[PDB]
Amino acid sequence: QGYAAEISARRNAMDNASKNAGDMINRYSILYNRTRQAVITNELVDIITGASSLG
Amino acid sequence: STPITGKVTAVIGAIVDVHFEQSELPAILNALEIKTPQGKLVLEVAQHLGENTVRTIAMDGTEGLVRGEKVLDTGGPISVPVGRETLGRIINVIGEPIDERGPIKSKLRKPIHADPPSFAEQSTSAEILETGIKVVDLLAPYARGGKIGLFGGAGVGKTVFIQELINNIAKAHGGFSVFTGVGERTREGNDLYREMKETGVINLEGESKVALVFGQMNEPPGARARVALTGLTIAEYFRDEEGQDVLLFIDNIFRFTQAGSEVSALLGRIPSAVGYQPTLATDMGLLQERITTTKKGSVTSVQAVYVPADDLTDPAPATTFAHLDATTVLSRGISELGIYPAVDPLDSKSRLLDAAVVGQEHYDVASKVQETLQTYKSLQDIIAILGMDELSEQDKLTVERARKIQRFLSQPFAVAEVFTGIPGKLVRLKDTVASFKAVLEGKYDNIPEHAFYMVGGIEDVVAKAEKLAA
Amino acid sequence: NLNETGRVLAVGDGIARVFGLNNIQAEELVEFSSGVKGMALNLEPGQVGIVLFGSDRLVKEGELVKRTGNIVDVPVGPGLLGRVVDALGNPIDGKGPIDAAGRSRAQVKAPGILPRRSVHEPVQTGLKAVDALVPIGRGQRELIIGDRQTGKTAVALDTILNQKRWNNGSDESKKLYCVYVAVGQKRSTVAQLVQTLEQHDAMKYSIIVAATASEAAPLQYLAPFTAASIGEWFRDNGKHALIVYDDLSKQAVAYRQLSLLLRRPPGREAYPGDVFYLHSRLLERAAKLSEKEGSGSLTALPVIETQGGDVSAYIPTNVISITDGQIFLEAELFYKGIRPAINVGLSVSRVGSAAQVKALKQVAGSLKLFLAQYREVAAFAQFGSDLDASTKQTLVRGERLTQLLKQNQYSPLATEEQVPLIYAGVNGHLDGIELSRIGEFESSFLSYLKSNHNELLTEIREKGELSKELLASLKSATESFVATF
Amino acid sequence: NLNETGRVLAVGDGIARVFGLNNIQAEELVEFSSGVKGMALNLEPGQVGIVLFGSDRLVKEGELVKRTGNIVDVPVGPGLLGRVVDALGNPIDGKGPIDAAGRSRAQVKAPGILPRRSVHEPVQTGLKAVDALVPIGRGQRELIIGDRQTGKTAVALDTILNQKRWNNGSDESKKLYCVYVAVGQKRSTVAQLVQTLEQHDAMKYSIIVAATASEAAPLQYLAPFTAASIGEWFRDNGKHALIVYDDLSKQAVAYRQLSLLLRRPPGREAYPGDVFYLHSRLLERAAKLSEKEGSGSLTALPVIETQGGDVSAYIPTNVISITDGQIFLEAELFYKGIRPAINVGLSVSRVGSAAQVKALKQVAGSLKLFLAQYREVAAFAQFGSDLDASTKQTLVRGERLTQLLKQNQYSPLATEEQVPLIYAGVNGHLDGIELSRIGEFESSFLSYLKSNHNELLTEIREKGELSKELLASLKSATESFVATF
Ligand SMILES: Nc1ncnc2c1ncn2[C@@H]1O[C@H](COP(=O)(O)OP(=O)(O)OP(=O)(O)O)[C@@H](O)[C@H]1O
Ligand SMILES: Nc1ncnc2c1ncn2[C@@H]1O[C@H](COP(=O)(O)OP(=O)(O)OP(=O)(O)O)[C@@H](O)[C@H]1O
Ligand SMILES: Nc1ncnc2c1ncn2[C@@H]1O[C@H](COP(=O)(O)OP(=O)(O)O)[C@@H](O)[C@H]1O
Ligand SMILES: [Mg+2]
Ligand SMILES: [Mg+2]
Ligand SMILES: [Mg+2]
């Protein structure tokens, strides 16, 4: 009887874990954008600064 | 003699501008000389800005150049010594002896710059090359007369690796070898020169079977960008004129691009993506094309590649893959575990990885080992989140094996004996395949994992497992 | 003269700026005193920027240069077949002078909106995982995108070899001439690639446009267009030609180099704005001409190399946007054993069944389903037997269906040999068989049919369809072999 | 007229375009009418680019300029010992003129390939975590990379303090002179550092070179190079030297400033193309010389400042590639109580045991390997599952070894005091002791030997190795103490 109570709790434990971990993914995935865009803009700045070189 | 005089007009870093007279301009890729009290500062033509002005690249320290010193046109690209005369001697980029052995008596002087062999001259081979390293001979075996690449971040084991190859191929090779140090620790050369004497490869009062070309990192951007060519030229000679097997060791090849990357900005080149110069693919190309086997002679090349920030997406490493037949990628994630040489079994591939080359039996055993190590890495998310007990009977049995094979790939090198304390061990390919085969069949599921860590032949595994039990 | 001639003002970086030629055309070729040729891409009021096809060591200051009055042109026609030429179109194999039936400009305008037809002629690659899952069509632009050392060339390479089934035949509207475009590859590789097609008798209908890495940048720039025309020839004359660009990634790098050295505006990742106009003006050249135009067709299989699966990069995004489907390949899938590692999940084809044999379509419509549900329930396979029977059934199929797609290299199979394997897989006649013997199953099964049910195979090859009679006859022959097994 | 003189055309931001000077050399020192000196880096026909060592509010258009005729050099010799000089080598401590024996240039060629010796001489850093895991060797360059406020300087500083054990001696070949190179730091800090050295009578064998932030960019740039020449001196006269750069990260920023201002095109993140060549021709200058040369040597402890723990950065990677290993320091380990926070996982020494003391080499063989297993077990016990005897045994010891490595700043420990502690650790005599006890255990155990078993400490010290007899006594001395209390 106390085995049927573990599975029941463990079924709830991993349910919220998937919800938190899952929702955590929708948060880091946003940080992956701003960080992707940052690298694209930064690499672009050196390219422009190397060409804007005059006297 | 009828030399062409010139005069320096600008000096910026490793970039020197000379102003010649009309009708007296030297073509691109021509050497120049400027007399100094200390020595000679060779220059190399790069561009023609116009108005009788040429831009060169300082082959040495630019400090001490006076606005308008008279430069002497060499009349041709940098000349390096060739022939068996260069055997057993150390040579810099300019082709001058730097071992205190007096002048190098060469019958010929061939320019460092030359065109790549013709598509017609290209000769394909399928012969295999036996080194003695299990993880290699079993997975990605090197080809005789082929191009090898040793990829790896900083402190992974690229040097020790290439050093062992010399301790197992060079003596065992009835031909000639050429080592070229490009952008590395001057001290590593020293130890090398010392070992070549002690092994017997280089004899000061006798015969030698290898030449030495160094253009280390202490040298300016000019030198490190052409030292690779200097040593290539000496190899190529034994290739066509001598018509015999030759071992070319380059370390490191990444400095070739980098060095050029430093000066590209000063030569008025708009920096390409990642800061590298636009002329990356071509330069990296005009070097690898020359390093190859023709119908005149065979050349086995072992080039160690550096990986900036352990990033393989970097242009420098990325471009180099296409110029290699056998690639031996080293992962830092493998070093940290203590398993060495930190060779990545999945990412490392080879050309001779074919049944019709290494044998049918050899291919199957190699493929099984790869699939085992893959599933292992695939279950890494379960072995930490659910334990080992949750795995199935087929899984646990595989996992254990994957751990044994993994540790079984490690091998003690006689070169890094000072690091491991264990005497080097050279395993034969014929025994190597027979070893894993046996382990794949489960014939040693009783033996402990620690009995496969840092072990040569399969016999030693059983011997070790028995010595521990005592 | 000053109008037909010019003086070199400055030379370097494989680009020399000349003064004069006040009547020179855009992108026109020119010839220097030394012998090396080049083409002017930039036409400035004062000077003219001209790229080099050879070392800049030959070109000096003040040197004289004269016009050629001709734009980049390459000789086309059926004489090239079995030869190996460079970007310009000269011989490099040493088999003598080429016999072309005319020339065509490197730059040709793509067929208009009206002179085309919906692709309907399948391009059998001989790859089970391809012809079953991602069907390719004559005139389609299917992209072979994937990381390094994944099996991108394998896909194309097998395709070419799988053409001996029709090219050695008599009918022309059935054949398919193959044009491979080596860009940025070392000579050693090309010499081998060629040597493989020969040991298989494929050079008989293959054209190699080699553009080694040591060659000047512009060569690697013109290679794809050069080869493009060569194949269009076949297309215009009412035939079928398959051209594989391996790889466009290297081409862009070359072009970037020229553009930067010429001091043109640098964009994302140092690529000029016209980089997209480059590939779009290349891929759109391949299509399916209508009945009035000649019903001719030109298929394109462009190859793109990603850096760690990053399909979001600049170049890849451009190519993927233009093509009509991808054959995404992953190294990981390769390690597991699944070879060729064609990620069914990503690999797609916009044309689809439109260009696939109905004989295989009748057994492939469902194969995309099972595999689809298999990728979803793939995590369960790692857990104990506590899995219900419903999901378990999926695992039984997937393991086996995935094991069937595994096809050795250099071993293409005709449709007549694919259908029998797919039909036995879909219904589930292998579920009872061990997942270790699936390999030998294909061998012994094919040999069986070719000795006892040869009449069935030959009817599928000719008709190309499966009638209710065959569906029953094929099932009976299968259940018989599975039984005796 | 203008051959030896020149008139200023423009001036600002520490840069001065002077006209004339058609006989000045490359990188030659010059003097303006104001009194302020300068350095010529850009040689052009029109004008000469010069960088100022001082403020530029004094230079004005049309001012006279004179040349020195000599390359920027600095005074060298024993005299500097205990003195605090600046880039140029002038006294800034206020204790009289610098009595130098010779003068050497700033830029000196690295020692030859022929005149070298493999590193075999240890460098007692007094840090157990260091001398046990990543030993230093006379002639190598051990990096000290880490974020701000971690303990980079600490490692270096303690080293100098530890040298007092031999510098007060009579033997020369055993001593080790120290050269601290403050770059980018504020005068406040430098003052406090030099104060601390004196509080330990460590200033007498120490030379300090100051290049505070306030000074001109060219000073911060030249500081390390001149400072190196100072140390090279001992290396040549058959003595041993120990230079510490702190930090090259600032030096590159400085050198970046001259480039940008001299209108020199930037590479990545504005750093000059040859930024690598900045640290390469610096670190290579330190190495072990041949017996013919004097058996002299120069050790280097470069310091770098990462941002957010990002070692993948531009400058750091440039230096990691040159240095013979690195002592990674993590902020996170510092709070956890690991002080000094040396990450063994990432800290390595390329010279390895060759440099380590022979005695200490025996007691700790696979210790680094064991600490690797500890982190392996420590991460796996995170699951919250029970552990067997094996995984808990190593977990017990591995946890205490990490606690034994913790050592307080300003507290260098001799070799005779490190061996015993490590001995009792690797074996397993601490396993049966509580964690918060390891602390006082160290001090108590030492006091025990210094009182009773002092003979052994004297043998380990002189011999430097462990004999069959010495192990016996040492074994019994350990067990006897464990029984006590
Ligand atoms: N279908 C296959 N069956 C077995 N082996 C294969 C198959 N396809 C590829 N290989 C293996 O792949 C290797 C080369 O792969 P491939 O040339 O297809 O990748 P690629 O796209 O050309 O990568 P790269 O860009 O490096 O050329 C060979 O060593 C060969 O063993
Ligand atoms: N071994 C140690 N034990 C305890 N605290 C320490 C130790 N070493 C250094 N610290 C503390 O860390 C702080 C900063 O140390 P340290 O000066 O070594 O950092 P740093 O690397 O020099 O940073 P910065 O370069 O900014 O000066 C000091 O306040 C000091 O008290
Ligand atoms: N066979 C080996 N076993 C264990 N460690 C090794 C082995 N070979 C090299 N190493 C480690 O790698 C270090 C040297 O790295 P190196 O070969 O210079 O790498 P890189 O090519 O990245 O500079 C040595 O200090 C040693 O610790
Ligand atoms: Mg190395
Ligand atoms: Mg390919
Ligand atoms: Mg500090």
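- For this coordinate set, the PDB header names cryo-EM as the determination method and states a resolution of 37.00 Å.

- Going by what the PDB entry lists, chain C is known as ATP SYNTHASE SUBUNIT ALPHA, MITOCHONDRIAL and is assigned to Saccharomyces cerevisiae.
- Within the UniProt record for chain C, the comment given under Subcellular location is "Mitochondrion inner membrane".

- Looking at the PDB entry, chain B carries the name ATP SYNTHASE SUBUNIT BETA, MITOCHONDRIAL, with the source organism given as Saccharomyces cerevisiae.
- The UniProt entry for chain B carries this comment under Catalytic activity: "ATP + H2O + 4 H(+)(in) = ADP + phosphate + 5 H(+)(out)".
- Comment text from UniProt for chain B, heading Sequence similarities, reads "Belongs to the ATPase alpha/beta chains family."

**Quick look at the overall build of chain C**
- Counting secondary structure elements, chain C contains 15 helices and 17 strands.
- Computed over C-alpha atoms, the radius of gyration of chain C comes to 26 Å, within 12% of the 23 Å expected from 2.2 N^0.38 for 485 residues, which places it in the range of a compact globule.
- Judged by the C-alpha coordinates and their principal axes, chain C covers about 90 × 50 × 40 Å.
- Of the contacts formed within chain C by residues at least 6 apart in sequence, a portion of 73% connects residues at least 24 apart.

**Some remarks on a nonpolar patch on the surface**
Residue and element names in this part refer to chain A.
- Residues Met24, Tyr28, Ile30 and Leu31 make up a contiguous nonpolar surface patch of about 370 Å² in total accessible area.
- With respect to the secondary-structure elements, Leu31 resides in helix α1 (residues 3–51).
- Judged by its relative accessible area of 39%, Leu31 is partly exposed.

**Quick look at the site of ligand 1**
- Looking at ligand 1, there are 13 residues lining it, with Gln149, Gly151, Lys152, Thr153 and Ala154 of chain C nearest.
- Ligand 1 sits at the junction of chains B and C, each of which supplies nearby residues.
- Between ligand 1 and the protein, one listed contact pairs an oxygen atom with a side-chain N or O atom of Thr153 of chain C at 3.1 Å.
- Residue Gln407 of chain C places a main-chain N or O atom 3.5 Å away from a nitrogen atom belonging to ligand 1.
- Contact with the protein chains hides 73% of the accessible area of ligand 1, taken as 630 Å² for the molecule alone.

**A few points about unusual backbone geometry**
- At the junction of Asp251 of chain B and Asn252 of chain B, the peptide bond is cis and its omega measures out at 0° in the coordinates.
- The topology assignment puts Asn252 of chain B in the loop between β15 (246–251) and α6 (254–264).
- Here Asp246 of chain D and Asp247 of chain D are connected by a cis peptide whose omega angle stands at 0°.
- Mapped onto the elements of the fold, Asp247 of chain D is located in the loop between β13 (240–246) and α6 (248–261).
- For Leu29 of chain B, which is not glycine, the phi dihedral falls at a positive 65°.
- Mapping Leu29 of chain B onto the fold places it in the loop between β2 (15–19) and β3 (31–33).
- You will see that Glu269 of chain D, though not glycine, has its phi angle at about 65°, which is positive.
- Under the relative-accessibility criterion, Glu269 of chain D is labelled partly exposed at 42%.

**Brief notes about the interface of chain D and chain B**
- Each side of the interface is counted separately: chain D has 52 residues, and chain B has 46 residues.
- Carbon and sulfur atoms supply 54% of the area that chain D and chain B bury against each other, a total of about 4,200 Å² over both sides.
- On inspection of chain D and its partner chain B, the count reaches two salt bridges.
- A salt bridge links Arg187 of chain B to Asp324 of chain D; its shortest N-O distance comes to 2.9 Å.
- At the surface where chain D touches chain B, the tally comes to 16 residue pairs in polar contact.
- Of all the secondary-structure elements, those providing two or more residues to the side of chain D that touches chain B are β4 (37–43), α7 (275–283) and α8 (314–320) of chain D.
- The greatest single-element share of the side of chain D that touches chain B, amounting to five residues, is contributed by α7 of chain D.

**Description of the packing of aromatic side chains**
- Counted by the stated rule, this structure contains 30 aromatic pairs over all chains.
- Ring geometry for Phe408 of chain B versus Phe436 of chain B: centroids 4.6 Å apart, planes at 55°, classification tilted. Of the two residues, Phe408 of chain B is situated in helix α12 (residues 393–408) and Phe436 of chain B in helix α14 (residues 429–440); the sequence distance between them amounts to 28 residues. Summarising the burial analysis for this pair, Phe408 of chain B and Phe436 of chain B share the class buried.
- Note on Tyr221 of chain D and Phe225 of chain D: the rings are 5.7 Å apart at their centroids and 75° apart in plane angle, and the pair reads as edge-to-face. One end of the pair, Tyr221 of chain D, and the other, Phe225 of chain D, are both in helix α5 (residues 217–236), four residues apart, so they sit about a helical turn from each other. Residues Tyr221 of chain D and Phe225 of chain D agree in their burial class; the two are buried.
- An aromatic cluster is defined as three or more aromatic residues linked by ring pairs; in this entry it consists of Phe441, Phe445, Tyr448, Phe481 and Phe485 of chain C.
- Across the ring face of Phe408 of chain B, the terminal group of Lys134 of chain B is positioned such that the distance to the ring centre comes to 5.9 Å.
- Lying over the aromatic face of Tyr271 of chain D, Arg256 of chain D brings its terminal NZ or CZ to 4.9 Å of the ring centre.

Criteria and thresholds
- Residues numbered from 1 in each chain as written, not as in the entry; some residues may be left out.
- Chains lettered and ligands numbered in written order.
- Part of a larger assembly, values for the part shown.
- Heavy atoms only, no water.
- UniProt positions renumbered as here; feature names shortened; annotations may be inferred.
- Helix = DSSP H or I, 4+ residues; strand = E, 2+ residues; numbered from the N terminus.
- Rg over C-alpha atoms; globule rule 2.2 N^0.38 Å.
- Contact = heavy atoms within 4.5 Å.
- Patch = residues over 30% accessible without salt bridge, like charges linked within 9 Å, V, L, I, M, F, W, Y side chains within 5 Å.
- Areas by Shrake-Rupley, 256 points an atom, 1.4 Å probe, with all protein chains shown as cover.
- Salt bridge = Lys/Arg side-chain N within 4 Å of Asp/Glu carboxyl O.
- Buried < 20%, exposed > 50% of the residue type's maximum accessible area, 1.4 Å probe, protein only.
- Near = heavy atom within 4 Å.
- Polar contact = N/O pair within 3.5 Å; in protein donor to acceptor, adjacent residues only side chain to side chain.
- Buried area = accessible area lost by both parts, 1.4 Å probe.
- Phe/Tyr/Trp six-rings, centres within 6.5 Å; stacked < 30°, edge-to-face > 60°.
- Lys NZ or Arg CZ within 6 Å of the ring centre and 35° of its normal.

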